[PDB]
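Novice:
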Amino acid sequence: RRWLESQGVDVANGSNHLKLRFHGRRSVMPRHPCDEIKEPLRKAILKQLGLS
Amino acid sequence: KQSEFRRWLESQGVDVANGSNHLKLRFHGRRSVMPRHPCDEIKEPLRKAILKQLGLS
Amino acid sequence: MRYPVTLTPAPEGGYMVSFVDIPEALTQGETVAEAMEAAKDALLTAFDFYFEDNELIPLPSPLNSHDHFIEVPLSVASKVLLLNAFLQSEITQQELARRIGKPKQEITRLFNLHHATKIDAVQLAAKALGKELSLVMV
Amino acid sequence: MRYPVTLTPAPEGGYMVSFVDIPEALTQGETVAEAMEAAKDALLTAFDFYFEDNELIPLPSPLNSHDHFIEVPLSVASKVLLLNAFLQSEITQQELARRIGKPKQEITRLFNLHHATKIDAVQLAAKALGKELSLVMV
Numbered sequence: 007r008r009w010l011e012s013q014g015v016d017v018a019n020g021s022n023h024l025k026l027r028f029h030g031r032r033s034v035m036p037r038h039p040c041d042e043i044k045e046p047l048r049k050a051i052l053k054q055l056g057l058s
Numbered sequence: 002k003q004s005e006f007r008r009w010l011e012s013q014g015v016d017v018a019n020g021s022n023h024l025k026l027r028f029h030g031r032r033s034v035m036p037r038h039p040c041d042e043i044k045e046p047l048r049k050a051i052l053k054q055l056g057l058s
Numbered sequence: 001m002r003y004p005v006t007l008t009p010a011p012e013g014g015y016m017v018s019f020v021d022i023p024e025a026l027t028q029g030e031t032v033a034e035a036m037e038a039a040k041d042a043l044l045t046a047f048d049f050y051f052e053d054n055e056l057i058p059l060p061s062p063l064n065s066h067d068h069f070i071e072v073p074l075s076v077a078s079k080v081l082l083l084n085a086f087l088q089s090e091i092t093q094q095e096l097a098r099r100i101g102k103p104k105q106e107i108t109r110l111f112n113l114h115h116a117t118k119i120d121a122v123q124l125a126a127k128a129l130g131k132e133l134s135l136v137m138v
Numbered sequence: 001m002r003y004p005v006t007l008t009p010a011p012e013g014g015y016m017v018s019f020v021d022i023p024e025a026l027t028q029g030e031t032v033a034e035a036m037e038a039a040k041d042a043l044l045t046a047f048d049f050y051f052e053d054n055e056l057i058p059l060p061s062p063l064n065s066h067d068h069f070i071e072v073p074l075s076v077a078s079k080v081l082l083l084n085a086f087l088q089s090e091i092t093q094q095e096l097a098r099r100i101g102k103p104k105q106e107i108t109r110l111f112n113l114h115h116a117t118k119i120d121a122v123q124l125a126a127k128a129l130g131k132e133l134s135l136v137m138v
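Residue numbers (the authors' numbering), protein chains in the order written: chain C, 7 to 58; chain A, 2 to 58; chain B, 1 to 138; chain D, 1 to 138.
Right under this line is the structure:
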């Protein structure tokens with residue numbers, strides 16, 4: 007989770023799930039920093055944010 | 002005229018309930034509403050519909 | 001929910017307002033506009049009787065073209081539907097509150113129109129009654 | 001309105017939550033009961049994007065027997081439907097305000113999920129949009 011919230015994607019407004027937008031592409035994910043973030047989440051998220 | 006019509010209703014034992022919309026009339030298990038415009042004339046078919054609805058035929 | 005309104009010309013002028021589905025809703029107006037505005041207030045007012053006496057509220061007759069009608073606000077329509085489902089279940093208000101996980105006080109205020117309506121609360125109470133409230137877009 | 005949730009279990013021990021209709025709505029949870037709780041939170045959040053970006057929200061695919069699903073509250077479903085009607089009418093937010101007779105400030109928060117929804121306001125906004133919002137069952 008330190009890696010996920012970093013370069014490129016913009017982490018803007020939100021309350022529960024974070025709303026991350028990347029130059030016209032959109033995705034959410036949980037915040038909960040101490041739980042383990044799953045790889046299938048990371049692939050769905052990176053795919054949602056880097057294809058049209 | 003509506004003012005006196007409601008006074009007559011009250012003469013006859015009809016209960017006029019508190020409110021801020023139409024007046025709520027109850028009489029021996031029967032119920033009807035009625036405008037809350039005491040200075041308006043009660044129109045004849047309305048006055049007759051209410052008496053019929055309330056059991057005052 | 002749209003109740004058809006009967007606008008009857010008065011020989012003295014203006015109109016008498018009646019509702020074929022709601023016998024209590026009786027009022028008047030000097031013009032069609034005044035009559036329809038009074039029609040809505042008279043219909044909504046008459047609904048109080050049914051909540052108070054715990055009686056089913058008759059649902060609207062189907063519209064016929066050229067009908068005058070009053071479209072009832074969703075805040076009211078939701079509670080009309082809730083009241084009919086509650087009465088037909090014959091369970092108590094205390095049991096309904098037990099099922100929802102809310103105190104009776106909040107269940108009681110669902111059965112009166114002189115409050116704001118929180119639509120999700122009506123939806124949960126309907127669910128506890130084995131009923132399902134849905135929204136329809138056109 | 002019920003969104004079917006796809007939950008693909010990850011070998012790491014638990015489940016991963018997906019929604020076939022909402023690509024932004026992505027999360028997971030470690031148990032079945034827990035993963036569905038996160039599902040509601042994730043989907044409701046994903047809705048915010050579309051209100052922000054003034055684009056159509058995809059309505060749920062029809063349910064198949066034995067589907068997991070999140071039932072969206074009426075409070076959310078009403079404005080989800082409101083957003084879609086606003087866009088396809090191509091009316092301005094200011095033009096909608098004149099037809100509603102309310103100032104821009106209260107029309108704005110119709111198209112936002114982070115405030116209480118007053119169902120009559122949504123119904124009235126739908127009417128001005130040429131849409132008809134009604135409640136069924138219960």
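We put the CB at the ideal spot given by N, CA and C, even for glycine.
Which residue marks the beginning of the beta strand (DSSP E) containing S33/A, and which one marks its end?
Specialist: Per DSSP, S33/A belongs to the beta strand (DSSP E) from 31–35.
Novice: Show which residues of chain A have a CB atom less than 7 Å away from the CB atom of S18/B.
Specialist: Here the neighbours are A50.
Novice: Between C40/A, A50/A, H23/A, which lies nearest to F49/B when the distance is taken from Cα to Cα?
Specialist: Of the listed residues, the one whose Cα sits closest to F49/B is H23/A.
Novice: Check whether the Cβ of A46/B lies closer than 8 Å to any Cβ atom in chain A.
Specialist: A46/B counts as touching chain A.
Novice: Going by DSSP, name the residue or residues bridged to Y3/B.
Specialist: Beta-bridge pairing links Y3/B to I70/B.
Novice: Let me confirm a value: residue 171/B is counted as buried when at least 16 other C-beta atoms fall within 10 Å, else exposed. Which label applies?
Specialist: Here chain B comprises residues numbered 1 to 138, so residue 171/B is not present and cannot be evaluated.
Novice: In the DSSP assignment, find the unbroken alpha helix (DSSP H) run with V17/A in it and report its ends.
Specialist: First-last for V17/A: 16–18, but that is the beta strand (DSSP E), not the alpha helix (DSSP H).
Novice: Can you round the beta-carbon distance between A10/B and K44/A to whole angstroms, since I take them to be within the 8 Å contact cut?
Specialist: 4 Å between Cβ atoms; contact.
Novice: Taking CB distances under 8 Å as the criterion, tell me whether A33/B reaches chain A.
Specialist: No, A33/B lies away from the interface with chain A (no Cβ there is under 8 Å from its Cβ).
Novice: Grouping DSSP H, G and I as helix and E and B as strand, with all else coil, what is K118/D?
Specialist: Residue state, collapsed to three classes: coil.
Novice: Alpha carbons only, please: which of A18/C, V17/C, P46/C, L26/C is nearest the one belonging to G14/D?
Specialist: When each option's Cα is compared against that of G14/D, the closest is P46/C.
Novice: Starting from the Cα of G30/C, find the closest Cα among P36/C, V15/C, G20/C and give me that residue.
Specialist: Considering only alpha carbons, the answer is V15/C.
Novice: Quick check on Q28/B: does DSSP put it in helix, strand or coil?
Specialist: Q28/B: strand per DSSP, three-state reduction.
Novice: Quick one: grab the DSSP three-state call for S65/B.
Specialist: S65/B: coil per DSSP, three-state reduction.
Novice: For the beta strand (DSSP E) containing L24/A, list its first residue and its last residue.
Specialist: Here the beta strand (DSSP E) through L24/A covers 24–28.
Novice: Which chain F residues are close to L26/D, counting only those with a beta carbon under 8 Å from its beta carbon?
Specialist: Absent from the structure is chain F; the protein chains it does hold are C, A, B and D.
Novice: So for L59/D, helix, strand or coil by DSSP?
Specialist: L59/D falls in the coil class under three-state DSSP.
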